[PDB]
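Peer 1: Structure below; questions to follow.
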Amino acid sequence: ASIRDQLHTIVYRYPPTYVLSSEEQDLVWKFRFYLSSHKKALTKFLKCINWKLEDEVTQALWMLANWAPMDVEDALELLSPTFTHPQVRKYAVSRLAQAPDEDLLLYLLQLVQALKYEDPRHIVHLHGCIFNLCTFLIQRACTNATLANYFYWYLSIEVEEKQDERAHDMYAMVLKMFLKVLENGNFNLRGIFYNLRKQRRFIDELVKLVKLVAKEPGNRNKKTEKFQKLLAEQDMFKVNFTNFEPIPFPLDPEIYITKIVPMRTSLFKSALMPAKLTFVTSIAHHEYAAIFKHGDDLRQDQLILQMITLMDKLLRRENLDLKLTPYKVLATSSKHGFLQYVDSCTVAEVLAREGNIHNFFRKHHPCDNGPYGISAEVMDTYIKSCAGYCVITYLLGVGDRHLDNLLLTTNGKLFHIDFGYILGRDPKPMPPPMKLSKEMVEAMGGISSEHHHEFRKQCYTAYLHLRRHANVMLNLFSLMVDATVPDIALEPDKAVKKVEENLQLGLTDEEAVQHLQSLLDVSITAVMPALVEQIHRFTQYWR
Amino acid sequence: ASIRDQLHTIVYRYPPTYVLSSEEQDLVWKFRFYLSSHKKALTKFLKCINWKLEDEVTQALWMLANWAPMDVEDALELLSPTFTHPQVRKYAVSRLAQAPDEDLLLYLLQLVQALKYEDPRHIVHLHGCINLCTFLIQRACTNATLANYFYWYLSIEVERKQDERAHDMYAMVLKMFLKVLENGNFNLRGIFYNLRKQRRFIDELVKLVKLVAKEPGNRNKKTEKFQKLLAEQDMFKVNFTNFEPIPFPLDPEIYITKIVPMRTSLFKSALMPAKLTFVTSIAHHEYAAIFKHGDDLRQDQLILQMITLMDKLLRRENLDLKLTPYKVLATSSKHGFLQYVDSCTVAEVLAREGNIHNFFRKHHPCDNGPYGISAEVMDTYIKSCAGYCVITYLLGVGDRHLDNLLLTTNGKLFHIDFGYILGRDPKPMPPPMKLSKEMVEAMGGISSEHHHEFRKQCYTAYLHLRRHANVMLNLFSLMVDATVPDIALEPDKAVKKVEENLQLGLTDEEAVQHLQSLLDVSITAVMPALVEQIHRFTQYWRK
């Protein structure tokens, strides 16, 4: 019908986790038969059928075979715990199979959690065969070396020591099966297996060394000295850190390492003391650095970093480059991992060493002409980084921000780090909704500036695009409900709702921008002491 | 042609005071030939041609005469010093001829001011005889209320070294007008007889009032004296206890027979206003007015004309914000009349009845009513609030306090007194928007449905007025040499101050955002909970 279409388009194209559809179910259904407008339609169609009858199930399943094929993002929802039925799940797996590896890696973290939701019987039967989704992950991980790397590391965190007992047992089973398939396959499959073993041996020895450093009494500098001496001690360990045979790096399976440089290694002023390491690579003695951190479970951080990477990709697709830095994390075990090292200086360091951010930029990229005697791109990128981070931190509810927590680079970028507080948890009783240092606002030229205005403009458009891609972020959050990420595990059932609450999906675009602006304004006013003075004066007016 | 067609629609609909299109006006010239499309086309056309010297002129008039006739507002701009051509002004005055008497009444204040602009010759040759001055006179004679206001607006102005000659011109003009009335027919003679009747009365009331001031002492003492001077028959040229019916200078439709002495009271203000009760010719109806001896009232009367103009525009849009444009006229500098509306000051309401709701509750209590108040009173309150906030913002009205704002039993809120205009405040700060704390509680505070409607009403009033910006700007233009206190300090800046609050550069949503921002600061300042929250947010980055 003429209007019939709009009532339905709002349903295909707006609600994402809504149970909202009810009567709609009967109407979508009657129209379900004539027109599968979009893949988006299909996810919606699915919701009403499995509701009870088998007669309903048979008709719906046929509808599915012919329907315009779902997008991976929607397929993700299908692996979700809400839909029991074997045919829809086979279907979700077929949709992923169609996907390219790069896309598969992004989601993989979620797919590993997705495993929890499949029937154990499929997993036990495959175990029986060696001694769809699960067979699929193994089959594909074998196909491509970097995928295998991630698959392995994700499975290991899961396997190591109520319903947990059941889930651990399942993961243990997947790992034994994956490892046994690899040992057995050919040159290409065995090659993968040998490499994983080399990483496994290397990390264990690395862990032994860090523990010795941890034990040695002393301040940062004395411990770092002990750490440097240890690396250089050859054949005190099962591995010789000064030389080894090439091992694909767990953060980046693409780079082999072969060496560490004992004297280049530092420890962070951070309170857990991360090593930095340098390695050399298999190529032309290149360096890599990474961090190695031995205090917390990096899982919450990989989730957030995965989230930042995803958002960066979506904005980049729409031709919005907020110059974000989505660095790499893996955890090894809970309690160790790596993180990518990006050349950066924390804001507090910058403030203490140079008077203020502008001075810092100006030193690295002076341009007499302007904006502030700083080359424009640097100003432009600082502005974009700020807006991307401000919106992304708000959406994900990142708490516990401070001057140690934000960093800068020489190019301009700002980014965040250390995502221990997430989804509105904070060590302090307050917000602000938006997280901006007085220093960051001053860095922008203050309240009225070609640049500050530019910063707000960027937040709003960033916000609008992110809102549009709510389906993927929400589906991914849905799969992390039993995830063993601390902040999520406090009320698992509330986590997705909170992300969704921030997305402000009810509101119209014009309305949503006003909302962000509102949050932005309180935050900036409380941070700037003249604005607080102005409010003090206004109260004073009415007397 | 097509996109260039859009750039054309851009020039007509958007600005009234732009210097725009200098190299570009000849571009407008090119498509103007074929496109005397609509009225707004014209005002722009004239701006381009006339800047150049001698033949552009003859071509333009042929074009003008051929042009789809100009709207009356456009006409207002043509009277100004920006256009000095005799022909164009003739045309502008022909446009005025088209206008209804009511529209004339409105513009007539600015129309009187318009006279200051050329030509001096017209006045002197019409005087010699014994087309703008002529027009105004001819029409004053047609309409009795028109004539009334014309007379009063003239007599104030006749009561810098180069401003001294304008006075001369006003004088020449008033007397010509008065002479036409003397020499006129039955009807003109009648109006004239009535204007004179009004003078004597004004002078006799002035004498009485001066004598109340001459006596020194208490407020009760001065009222006693006032009552006695009114009751004293024939100690004055006019007997105030009863006199021959005269049309009220404030409201020419009403005639007055007498004043009631015992009913008169004096106002709280240090300079002490008198409230008079008048009896009218009809059904012993009574009229209440205020008579003020202290200050020149031209500033109050501009603001009220503007409030009245604005109300009409809104209501034409069928937005009735339930503003109250009480009529004001200044007889002379240092005395005039004010329409009186039965009202209670907000300070007065608050001291007498604890809070504002109690006041509304006293008069219109409904048990299922919002606040134990009738639903309609709460609505009329919200709307008046909204209306006034925006109008006050636009006109930059200062010196707001709780004696300045009064409430009716009906729920309307309105602003009483316009000492400070166009941004001037005795006090050093805004707030840009004026809301007492008590007013917001009266709405039931920020998290209420009424407060939301109030804001929603603000934005909407604002958007609409923006659309009618041209009328207001032109009205203001003709007020540059006005003899209003606040225009006189910065004549050149005055128009620009109103135009700036209109924010025409902004697109509609940006405009709404802008207004949200001002409302936000203004309301936070006032509410202590909102201030404390800012305290806590500031505290967040401290440690």
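Every residue, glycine among them, receives a Cβ derived from its backbone with ideal geometry; neighbour counts consider all protein chains shown. None of the figures in this text is laboratory data; all of them are computed from the coordinates on show.
Peer 1: Averaged across the residues of A:526-539, what count of C-beta atoms belonging to other chains lies within 10 Å of each residue's C-beta?
Peer 2: 5
Peer 1: Mind checking the mean number of beta-carbon atoms from other chains within 10 Å of the Cβ atoms in A:146-153?
Peer 2: 0
Peer 1: Further question on the same structure: Calculate I(q)/I(0) for chain A by the Debye formula, one identical point scatterer on each C-alpha and no solvent, and give its log10 at q = 0.06, 0.09, 0.13 Å⁻¹ to two decimals.
Peer 2: Evaluating at q = 0.06, 0.09, 0.13 Å⁻¹ gives log10 I(q)/I(0) of -0.35, -0.78, -1.41.
Peer 1: I've got another one for you. Taking a threshold of 20 Å on the Cα-Cα distance, which of the pairs B:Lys90/B:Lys161; B:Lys210/B:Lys237; B:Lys40/B:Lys90; A:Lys215/A:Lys335; A:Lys30/A:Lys90 fall above it?
Peer 2: Distance filter (> 20 Å) returns B:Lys90/B:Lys161; A:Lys30/A:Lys90.
Peer 1: Let me ask something else. Filter A:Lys428/A:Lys498; B:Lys327/B:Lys383; B:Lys44/B:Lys496; B:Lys47/B:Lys312; A:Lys226/A:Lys276; B:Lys225/B:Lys412 down to the pairs with a C-alpha to C-alpha distance above 23 Å, please.
Peer 2: B:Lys47/B:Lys312; B:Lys225/B:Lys412
Peer 1: Shielding of B:424-431 by partners, i.e. mean partner chain Cβ atoms within 10 Å per residue?
Peer 2: 3
Peer 1: Tell me, how many Å apart are the Cα centres for the range A:435-463 and for the range A:155-176?
Peer 2: Here the answer is 46 Å between Cα centres.
Peer 1: Looking at the range B:450-543, what % of the alpha carbon pairs are farther apart than 19 Å?
Peer 2: 59 percent
Peer 1: Describe numerically, in nm with one decimal, the distance between label points set 7 Å from Cα along Cα→Cβ at A:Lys208 and at B:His127.
Peer 2: Here the answer is 11.5 nm between the modelled labels.
Peer 1: Semi-axes of the range B:1-65's equivalent ellipsoid from the Cα gyration tensor, sqrt of 5 times each eigenvalue, largest first, rounded to whole Å?
Peer 2: Equivalent ellipsoid semi-axes, largest first: 19, 13, 11 Å.
Peer 1: Right, another one. Using the Cα centre as the reference, give the magnitude of the dipole from point charges on the C-beta atoms of the protein assembly as shown (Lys, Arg: +1; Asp, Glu: -1; all else neutral), rounded to the nearest 20 debye.
Peer 2: 1320 debye
Peer 1: Considering just Cα atoms, how many Å³ per residue does the convex hull of the range B:186-342 enclose?
Peer 2: That works out to 142 Å³ per residue.
Peer 1: Let me ask something additional. What is the mean projected area of the alpha carbon convex hull for the range A:235-289, to one decimal in square nanometres?
Peer 2: With every direction weighted equally, the projected area is 4.5 nm².
Peer 1: Okay, next question. For the pair B:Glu24 and A:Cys367, what calculated FRET efficiency results from E = 1/(1 + (r/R0)^6), where r is the Cβ-Cβ distance and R0 = 41 Å, to the nearest 0.05?
Peer 2: Calculated value: 0.75.
Peer 1: Over what distance in Å are the Cα centres of the range B:1-24 and the range A:346-367 separated?
Peer 2: 45 Å
Peer 1: How big is the shadow of the Cα convex hull of the protein assembly as shown, averaged over all directions, in nm²?
Peer 2: Spelled out: convex hull of the Cα atoms, projected over all directions, averaged, 60.0 nm².
Peer 1: Using mean Cβ contacts within 10 Å as the protection proxy, how do A:54-65, A:274-285 order, highest first?
Peer 2: So the order, starting with the most tightly packed, is A:274-285, A:54-65.
Peer 1: I'd like to compare A:347-356, B:19-28: which one has the highest average count of other Cβ atoms within 10 Å, and what's the full order after that?
Peer 2: Order by mean packing, descending: A:347-356, B:19-28.
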